[PDB]
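One letter stands for each residue in the lines below.
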Amino acid sequence: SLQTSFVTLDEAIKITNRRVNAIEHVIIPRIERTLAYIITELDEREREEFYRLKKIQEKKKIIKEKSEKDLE
Amino acid sequence: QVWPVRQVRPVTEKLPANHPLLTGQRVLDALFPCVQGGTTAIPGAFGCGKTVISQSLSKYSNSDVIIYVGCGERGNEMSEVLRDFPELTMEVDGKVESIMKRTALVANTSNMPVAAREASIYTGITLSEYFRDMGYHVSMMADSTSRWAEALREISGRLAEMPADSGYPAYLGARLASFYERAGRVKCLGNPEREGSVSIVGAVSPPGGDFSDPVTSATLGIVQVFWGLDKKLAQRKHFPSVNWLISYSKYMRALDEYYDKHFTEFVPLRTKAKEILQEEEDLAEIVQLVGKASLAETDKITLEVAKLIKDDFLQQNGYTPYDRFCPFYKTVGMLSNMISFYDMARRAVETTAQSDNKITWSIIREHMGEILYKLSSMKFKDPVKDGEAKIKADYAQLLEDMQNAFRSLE
Amino acid sequence: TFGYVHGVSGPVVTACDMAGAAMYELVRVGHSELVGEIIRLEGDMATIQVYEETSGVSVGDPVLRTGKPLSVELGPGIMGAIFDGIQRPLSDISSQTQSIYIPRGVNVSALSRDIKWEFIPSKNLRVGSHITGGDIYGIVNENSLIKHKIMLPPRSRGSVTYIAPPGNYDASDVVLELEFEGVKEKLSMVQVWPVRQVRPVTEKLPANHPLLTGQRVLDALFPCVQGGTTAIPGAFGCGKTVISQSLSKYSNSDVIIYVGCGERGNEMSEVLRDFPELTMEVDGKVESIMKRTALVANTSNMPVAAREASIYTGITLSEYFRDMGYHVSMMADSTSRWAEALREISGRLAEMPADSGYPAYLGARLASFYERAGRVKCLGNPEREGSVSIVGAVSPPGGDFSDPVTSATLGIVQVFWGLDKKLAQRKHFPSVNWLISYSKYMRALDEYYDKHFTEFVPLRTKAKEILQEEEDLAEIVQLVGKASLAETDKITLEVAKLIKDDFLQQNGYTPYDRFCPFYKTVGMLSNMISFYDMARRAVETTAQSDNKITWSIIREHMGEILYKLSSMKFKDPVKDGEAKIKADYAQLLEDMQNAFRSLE
Amino acid sequence: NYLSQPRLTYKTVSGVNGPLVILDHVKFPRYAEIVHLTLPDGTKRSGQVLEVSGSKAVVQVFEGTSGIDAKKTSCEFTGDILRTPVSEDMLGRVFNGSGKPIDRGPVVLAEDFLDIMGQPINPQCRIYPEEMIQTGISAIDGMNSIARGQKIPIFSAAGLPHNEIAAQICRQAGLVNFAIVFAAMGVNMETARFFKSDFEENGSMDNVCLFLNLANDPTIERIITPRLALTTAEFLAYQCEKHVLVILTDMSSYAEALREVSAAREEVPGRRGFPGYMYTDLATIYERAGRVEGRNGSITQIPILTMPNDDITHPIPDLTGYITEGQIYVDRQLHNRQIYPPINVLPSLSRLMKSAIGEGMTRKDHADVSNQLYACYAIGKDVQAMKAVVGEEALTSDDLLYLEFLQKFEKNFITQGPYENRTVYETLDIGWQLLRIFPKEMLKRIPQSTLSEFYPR
Amino acid sequence: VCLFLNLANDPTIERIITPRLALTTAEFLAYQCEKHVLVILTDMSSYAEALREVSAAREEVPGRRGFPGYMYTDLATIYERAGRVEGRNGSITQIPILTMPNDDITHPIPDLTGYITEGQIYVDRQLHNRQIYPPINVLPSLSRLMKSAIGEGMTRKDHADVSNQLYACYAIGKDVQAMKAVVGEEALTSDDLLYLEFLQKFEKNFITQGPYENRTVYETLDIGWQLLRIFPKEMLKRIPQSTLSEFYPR
Amino acid sequence: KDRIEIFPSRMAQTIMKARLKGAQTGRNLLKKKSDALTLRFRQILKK
Ligand SMILES: Nc1ncnc2c1ncn2[C@@H]1O[C@H](COP(=O)(O)OP(=O)(O)O)[C@@H](O)[C@H]1O
């Protein structure tokens, strides 16, 4: 009965440790790299939007300068 | 004659594309085939083979003429083309002749002025539409359509236009569309009838190696063939690095009417090859968290044949003479043997797992280890040294040898 | 002389009649004289980013251009001063105003005039003598510790036309006059230098001599050279105060500069409370460290430009003391707070973001700051070496070192002292993680150790190897239990435990460990590694024998040596001289030799 | 002939913003001409006209705009683009990032005033780089062989010994006339002293030139620094027909100078805020490599770059990886285990290698041996990743052989002393001493003829 | 039928008008000529790219991903030209075809469309890569009018119940398939193995058609029950016990 | 392969953080299961 328990525990430990290691070396690393990619591309959307809005504000400043010249 | 490059050269009609563009490469010709008149992209990270494929179509294809557009590509690309193409030869009418006699180069190497990239693309397609009107089946390589899109980005930036994504202009989709739509098979203009074509092959080079890139995204919505190159295969020097999960061709329904004539055995084999590879991925996602001991013996056979297909079919060395080119008769014969092993090995297990006399993958490997080695050896057969009858006879002998070995396990 | 305010929008003030202005010149804006830096010119108009709050600035207010960019008043009166990051004297603002606040638009001069200092002119000089930038034209005896070498500004040169006699002077009395190209310069003791301009030197020397901190892990395993660049992870649990206070109470440095880059208000005031009360021994006296430091302290709500200028002020002070031939050290209590201030400047200038929102130039601003560290031949004639050592702390969010300011800092600094909250939770002071930490300076300091400590190169190597082996062996201990290891591995783990418990830990709250000199440090390690080599020798020498040696035999027959090894940290340099400590350590070497000889 | 017309000097600085000084009333502004600025205190500075419009000229100032004054600044327009005073006598010398000397020698007496931008080498006249260089390093000369005139960068994480590898290439590089041009952008003096000292110590000085831009030198000079180096290399390699090796140190700091300029000019950003044109600008540096028709000389390049946050997908290594022929990679996953030089072959590749190997260059086995070393090393990493989940009990006897291969490969094939030189032939002998670990039939990348001639030897 | 053809080489700006011409023809045919028009719009992404091209040229303020801020109202003036009207027998059905960029269901083009249109029919890469034609993923698909278009006098009366139970079974099937991928097949219960077996049989028999298969609504629900009967009677939670008693024992 | 390829959005950022908490929890619980089974297994071996 110690031996039948022993062999069954030895299998159940290996199955459990394969799940723990699959989480530790596959599932968590896919998630952490996915999240690092997401945080990077979210900053890319933020800089794209910043650049567009900066050019819009510049174009509005140019329109104001043209209007001030047209008022001469 | 002088033609405005931005204006499409007219045609009597744009015919459906219905004949394969046979290339240098097994995976292309077999599993993701281009058609004469088809629009194709090769999106890939740096150092994947996008130019080796571009060169290999240009060196080895059934195209009558090639226009090779070095748009934004490295300088030594043009030197490698000018080194190889005068020395490399096709044969016509029993005469050996240099393939440079059928190629034109439109260089615009990465350091040459950024604006000339746009003019280079439109020059190469205008040359390609000119030989298309002669009835020649033209093929046009574009060595990076994203290095073109970057020139549109730069001029658009200097003009201070509003960008769409990553700084690219909003018209980038239409600029790419009105380039790839210049492909086709056509009833040419004018009196004598011709059936010329332009086939376009855009070696898209996505920034960071990421196919979410706007040039890749816009290109994928426009082409009908996608040979996505995976950097992880190229790192392993698994070449050509075409990822068989992501890649596709929309021309298969149009090409089935050609295969049913010239290669009636092939369409089942193409289907089984894709299925075996798909099953290997759907198995691998399990194995990676539990170990190979979890699998059924049919699934060990599926994994092992998917390794044969990966390492000996899909892989092809474009420099070594045995794999420098691979005609379709070699390609089908190799694949027929690898799938003949699969169907027999799978039948052997399924026939005997019902009984105490059960066959297993290890039983097959120990009785047939020489057959596995011979199956992998099939790539070394050389069409320069070995006649068609010799390669066909050797491949028929492997079919018979496998059949008699599996009959000896049952 | 002055322009006029033309427009205002938050911190940005546009001014007119600014035709004579210069880019990055510093301006007093409004009747309140708010500080502001010119960020743009557009003809007879300038755009000034006002540092202080502009609320109440009016169109047509005066705009007085100072002829200078942001600059530090260098001179006597620096030592023991506390400044904000734009070089305003916080102790004088309090004492002159009798207010708890910093008033908007303080005009107070940064080195206080009307104080008289004893000046001695350099006795060799005469009228008609030749003099060059960085020449010492006198000394000011401001403190017993620090004699301030008064010197010619780096760009100045000529023939002396006058020198002041020995006597008492304030910083604005003319001390020297000299002529060049028919033009006279009248020199004060105060010297004004642009804060973002490196102070020039005769040669940027290779750094070769150790900055002893008096800390075993630091001075032995991860030495920082004098003139070295280094970082510390400045976070809550890490115990960053231990290195800061140890450097203050013992370091081989002549002057210390601190920069608060925008610390939390209470944390800043904790530092400003503590340092007046810290002391060190000098010529057998005990004296307050404020005699040899200056504090560039900013809270998070100081003007953005004071936080961004904070490091540039601290390094410009440090380069000034370096040019006196003092071996300066300096700390920044978080360069991340400086990078947040730089991010905010960039956001107000409306510049493109780079990584994580920081400006494009963050990497070059950090690298050009750390490059101002070093050892040097100073300017001028008295052939004096000096140095600045820079200890810039980093604050990676959640401990993620990939964060751009942290990652760029770790890309530049040659030493990282990885303080770790896990060690502090174990009370393993000084809490330096020896796996994360590194130093690139070993290749230089190997010359000093070969001259003075010729046994140390083996010892340092063996110590790091033992610790790295124990980290691998601990996985085997988890897999199969400690009892299942080989005897060589067991004795390695036991010595690694001795190193971790009684070498790498140091009880800086107590007299025997308040500081730990290098002679003590090398001596302790020499014994621990001699014990390792002889113990492992006895094990391996008796491999395959009948009477096999093991750690348990050693602990049973000679456990007095382990007890003595752990006891060696308690020796005190203030009670017993280094020769007596070395002699006691030599007796433990003889005792363990006789003990090992008694077994094999 | 010489430009005889006298230079105009303008006080008409109508604005200053970031690094830009906007002159006005200018007579026929020449795009990209160089202006010499004199500040109020008489400090000389230099700058390039980056845009022109009517009377206006937008001068970017190299030494920065701090202290520029809209009334007292004087701008001398030289009437011509930026030129390098090149000569043979630049070998044995050291210059700062703007081409002024810093070795306390005189200014260069010019044999020619080459345009710093060069010109595009005509692709018909570009000779294909077929000849091999031995670098002396097995991780290169074996699996990543470099051709004479082939541009191939070292990519590294931060803090790795990539400078020591590039110094080792300068120390040991020779064919299977010679000179070096070294450039550095934003190098710390602790590293600048290392390269200058290594060349002086090896006695190489009579055949090397150094351009140094130190970490505290004005960031805009980084843009011209590798161009000065390449302009000197074009003189030496095409006018004097030397084999030149060009070393460009931290192209990362070059790319950071591009990011700074674009952020200040508000040019369109690509990935990570770098200029949308960054590939073209890097191509203007990297394509100035290779042999040319009727010249004996050649420009090899080994750029060097710290990959930010180790990210292979970052725009700097990515755009460099799309231009340069092949990349040599060095890795913390080797360096932390003390494996010097830390060259990770698996991500590495030399595009021009396929031509630089086999008969007349190297042993006939080399092309096959390289590909099988990649297969075994890669399968070793793959079975290592499996072992970290399932343990060595699930691995087959062959999977344990791929792990033993990985250990023997990193210990014998990669690891090599800083003064140890290995021939390509010795490297291939070591290649077979590792490939022989597997049974002959396992070597699925190698032809049966190559196995029959070399596997049992 | 009436075909308007703007091809991918034709000028981009015509595509701003193309769907509006089609809908104006559909309005004439349906509301003035009583026709039961069906409108197909072949690629609302190549439409939305034309609005982005003009808006960028007008220097307009971007909405998210550079599309015009008015993209919602503009697409509404396309998609709202649908439905029956008072007094008329005629009608306009619309089926806008729409190419999701990067396969992103939240991209502005499918996003603003999903807000305006009466659900979406979603065609999935992961079904197409497995040869399942048509690749319609029933899970992210929705029709907002399904609940009222079906029942006694309009279809068989079981229709709503069969479709609701099939949806829950396929959805649970996808979740137990995700369990098999993340934690292995051995983590599944006997009931989870039934939902996985249901998913395999369901994609094979329900979704798959071939391009000329034309199953009636009756044959569709018959195949529905021939799949639902795989589960034990108590597991069909979404179906009332009266409907089970008439159609489960079949 | 390296990533799950959910498309970058604030939604997907939150979903990935939720998956990370789920996975780290799953690791810690299954590691506790392994520790308890390992302790019983070592007890059984001694017995
Ligand atoms: N089919 C192939 N056979 C052999 N080597 C190949 C093959 N495809 C690619 N390679 C190797 O990969 C390298 C990089 O491929 P290449 O197309 O030149 O790069 P890129 O994709 O950047 O254009 C080639 O130089 C060659 O060494």
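Structure determination for this entry is recorded as cryo-EM, at 3.7 Å resolution.

Undergrad: How should I be thinking about the overall build of chain A in this particular structure?
TA: A tally of regular secondary structure across chain A gives one helix and zero strands. Considered along the principal axes of its C-alpha atoms, chain A spans approximately 105 × 10 × 5 Å. Among the 72 residues that make up chain A, the fraction classed as buried is 39%. Here chain A contributes 16 positively and 15 negatively charged side chains, and the mean placements of these two sets differ by 3 Å.

Undergrad: Just checking my understanding: could you explain helix α3 (residues 75–87) of chain B for this structure?
TA: Residues of α3(B) that are buried include every one of B:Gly75, B:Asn76, B:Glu77, B:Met78, B:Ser79, B:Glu80, B:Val81 and B:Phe85, and no others. Buried residues along α3(B) sit against α2 (50–59), β3 (65–71), β5 (95–98) and β6 (103–108) of chain B together with β11 (126–127) of chain D.

Undergrad: Is there a simple way to think about the nonpolar core in this case?
TA: Among the nonpolar cores identified, the biggest contains 129 residues, and B:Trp227, B:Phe341, B:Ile364, B:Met368, B:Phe406, D:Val181 and D:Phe211 are the most heavily contacted of them. At 11 residues, helix α12 (residues 328–352) of chain B tops the list of elements feeding residues into this core. Lining this core are residues from two domains, each supplying at least three of them: domain 1 (1–249) and domain 2 (250–410) of chain B. Aside from chain neighbours lying at most four places away, what touches B:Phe341 is B:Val305, B:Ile364, B:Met368, B:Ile371, B:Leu372, B:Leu375, B:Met402 and B:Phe406. Among the nonpolar cores identified, the runner-up in size contains 80 residues, and C:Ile78, C:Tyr169, C:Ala309 and C:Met324 belong to it.

Undergrad: Looking at this structure, how should I read a positive patch on the surface?
TA: Together, B:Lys292, B:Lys307, B:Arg365 and D:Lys444 make up a region of like positive charge exposed at the surface. If you trace the backbone, B:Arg365 turns up in helix α13 (residues 361–377). Judged by relative accessible area, which is 36%, B:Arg365 ranks as partly exposed.

Undergrad: Which parts of the structure should I look at to understand the site of the ligand?
TA: In the neighbourhood of the ligand, 16 residues make up the surrounding shell, with B:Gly47, B:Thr51, B:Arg74, B:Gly318 and D:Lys354 lying closest. In this structure, an oxygen atom belonging to the ligand sits 2.7 Å away from a side-chain N or O atom of B:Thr51. Between the ligand and the protein, one listed contact pairs a nitrogen atom with a backbone N or O atom of B:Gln316 at 3.4 Å. Relative to its free-state accessible area of 560 Å², the ligand is covered by the protein chains to the extent of 95%. Per-class residue counts for the shell around the ligand are five nonpolar, seven polar and four charged.

Undergrad: Would you mind going over the UniProt feature "binding site: ATP" in chain D with me for this structure?
TA: All names here are of chain D. Following the UniProt record, the feature "binding site: ATP" maps to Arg 351 here. Locating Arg 351 in the fold gives a position in the loop between α8 (332–335) and α9 (366–390). According to the relative accessible area criterion, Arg 351 is buried, its value standing at 17%. A distance of 2.8 Å separates a polar side-chain atom of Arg 351 from the backbone oxygen of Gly 321.

Undergrad: Quick question: what am I supposed to make of the interface of chain C and chain A here?
TA: Interface size is often expressed as the accessible area that is lost when the parts come together. Each side of the interface is counted separately: chain C has seven residues, and chain A has five residues. Taken over both partners, the interface formed by chain C and chain A buries close to 530 Å², and the fraction arising from carbon and sulfur atoms is 65%. For the chain C face of the interface with chain A, the top three residues by lost area are C:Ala350, C:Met352 and C:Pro353, together amounting to 66%. Our count for the chain C to chain A interface comes out at one residue pair in polar contact. When its residues are assigned to classes, the side of chain C that touches chain A shows four nonpolar, one polar and two charged.

Undergrad: Is there a simple way to think about the arrangement of the chains in this case?
TA: Across the 11 pairs of chains that are in contact, the largest number of contacts falls between chains B and D. No interface is formed between chain B and chain C, the nearest pair of C-alpha atoms being 13 Å apart. Here chain D and chain E are not in contact; the least distance found between their C-alpha atoms is 13 Å.

Undergrad: Which parts of the structure should I look at to understand the sheet that holds strand β2 (residues 83–84) of chain E?
TA: Strands in a sheet are paired, the pairing made by backbone hydrogen bonds, and the direction either parallel or antiparallel. Residues and elements named next belong to chain E. Strand order in the open sheet made by the three strands is β1-β3-β2, with mixed pairing throughout. Unpaired on one side and paired on the other, β1 (36–41) and β2 mark the two borders of the sheet. Direction of pairing for β2 relative to strand β3 (residues 91–96): antiparallel, over a ladder of two bridges. For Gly 83, the partnering residue across the bridge sits in β3 and is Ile 92.

Undergrad: Before we go on, may I ask you to explain the sheet that holds strand β15 (residues 176–180) of chain C in this structure?
TA: All names here are of chain C. The antiparallel open sheet is built from four strands, whose spatial order is β10-β13-β15-β16. In the strand order of this sheet, the two ends are held by β10 (130–131) and β16 (183–187), each with one partner. One ladder, built from four bridges, connects strand β13 (residues 158–163) with β15; its direction is antiparallel. Paired with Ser 159 across the bridge in β15 is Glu 179.

Undergrad: It is not clear to me how the pairing of strand β20 (residues 298–306) of chain D should be interpreted in this structure. Could you clarify?
TA: Along a regular strand, successive side chains alternate from one face of the sheet to the other. Residue and element names in this part refer to chain D. With respect to burial, β20 is a largely interior element, nine of its nine residues being buried. Burial along β20 is two-sided: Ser 298, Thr 300, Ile 302, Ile 304 and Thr 306 facing one way and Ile 299, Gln 301, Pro 303 and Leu 305 facing the other are all buried. Here three bridges tie strand β14 (residues 154–156) to β20, and the two strands are oriented parallel to one another. Paired with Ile 154 across the two strands is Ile 304, which belongs to β20. Note that strand β18 (residues 243–249) and β20 share six bridges and pair parallel. Bridging across to β20, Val 244 finds its partner in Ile 299. Direction of pairing for strand β19 (residues 290–292) relative to β20: antiparallel, over a ladder of two bridges. Bridging across to β20, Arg 291 finds its partner in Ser 298. What sits between β19 and β20 in their antiparallel hairpin is a turn of five residues, with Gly 294 showing a positive phi close to 70 degrees.

Undergrad: Help me understand the pattern of salt bridges in this model?
TA: When their charged atoms lie close together, side chains carrying opposite charge are able to pair. By the definition in use, this model includes 111 salt bridges over all chains. Put simply, E:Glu246 and E:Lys157 hold a salt bridge, and the shortest N to O gap is 2.8 Å. Of this pair, E:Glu246 sits in helix α10 (residues 241–247) while E:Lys157 sits in the loop between α6 (146–149) and α7 (159–183); the two residues are 89 residues apart in sequence, bridging distant segments of the chain. A residue is classified by how much of its surface remains accessible, and E:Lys157, at 48% relative accessible area, is partly exposed. Sharing partners across several salt bridges, the network here consists of B:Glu154, B:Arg158, D:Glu51, D:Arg265 and D:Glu267.

Undergrad: Would you explain unusual backbone geometry in this entry?
TA: Backbone geometry follows two general trends: most residues other than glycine have a negative phi, and most peptide bonds adopt the trans configuration. Note the cis peptide between B:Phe239 and B:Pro240, where omega equals -5 degrees. Its location among the elements puts B:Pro240 in the loop between α8 (231–235) and β13 (248–249). For the bond from C:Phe429 to C:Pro430, the omega torsion is 10 degrees, close enough to zero to count as cis. Checked against the element boundaries, C:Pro430 lands in the loop between α9 (421–425) and β28 (438–439).

Undergrad: Looking at this structure, I do not really get the packing of helix α11 (residues 297–314) of chain B against α12(B). What am I missing?
TA: All names here are of chain B. Two numbers describe how α11 lies on α12: the axes approach to 9 Å, and their chain directions differ by 170 degrees. Put simply, α11 runs roughly antiparallel to α12. The residues of α12 that touch α11, namely those facing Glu 297, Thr 298, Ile 301, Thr 302, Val 305, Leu 308, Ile 309, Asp 312 and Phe 313, are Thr 331, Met 334, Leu 335, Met 338, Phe 341, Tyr 342, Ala 345, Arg 346, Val 349 and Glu 350. Class assignment of the residues belonging to the contact of α11 with α12 gives a composition of 12 nonpolar, three polar and four charged.

Undergrad: It is not clear to me how the environment of C:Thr14 should be interpreted in this structure. Could you clarify?
TA: Residues and elements named next belong to chain C. Within the fold, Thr 14 resides in strand β2 (residues 12–16). A sequence separation of 195 residues divides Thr 14 from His 209, and the C-alpha atoms of the two residues are 51 Å apart. Apart from the residues lying within four places of it in its own chain, the contact partners of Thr 14 are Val 5, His 6, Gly 7, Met 45, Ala 46 and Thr 47.

Definitions and cut-offs
Residues numbered from 1 in each chain as written, not as in the entry; some residues may be left out. Chains lettered and ligands numbered in written order. Part of a larger assembly, values for the part shown. Heavy atoms only, no water. Helix = DSSP H or I, 4+ residues; strand = E, 2+ residues; numbered from the N terminus. Buried < 20%, exposed > 50% of the residue type's maximum accessible area, 1.4 Å probe, protein only. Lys, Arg positive; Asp, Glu negative; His and termini not counted. Charge placed at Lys NZ, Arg CZ, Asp CG, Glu CD. Contact = heavy atoms within 4.5 Å. Core = buried A, V, L, I, M, F, W, Y, C linked by side-chain atoms within 4.5 Å. Domains from an automatic or database assignment. Patch = residues over 30% accessible without salt bridge, like charges linked within 9 Å, V, L, I, M, F, W, Y side chains within 5 Å. Areas by Shrake-Rupley, 256 points an atom, 1.4 Å probe, with all protein chains shown as cover. Salt bridge = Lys/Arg side-chain N within 4 Å of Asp/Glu carboxyl O. Near = heavy atom within 4 Å. Polar contact = N/O pair within 3.5 Å; in protein donor to acceptor, adjacent residues only side chain to side chain. Nonpolar A, V, L, I, M, F, W, Y, C, P; charged D, E, K, R; others polar. UniProt positions renumbered as here; feature names shortened; annotations may be inferred. Buried area = accessible area lost by both parts, 1.4 Å probe. Pairing = 2+ DSSP bridges. Axes fitted to C-alpha atoms, helices over the stretch in contact; angles between N-to-C directions. Parallel < 35°, antiparallel > 145°, perpendicular 65-115°, else oblique.

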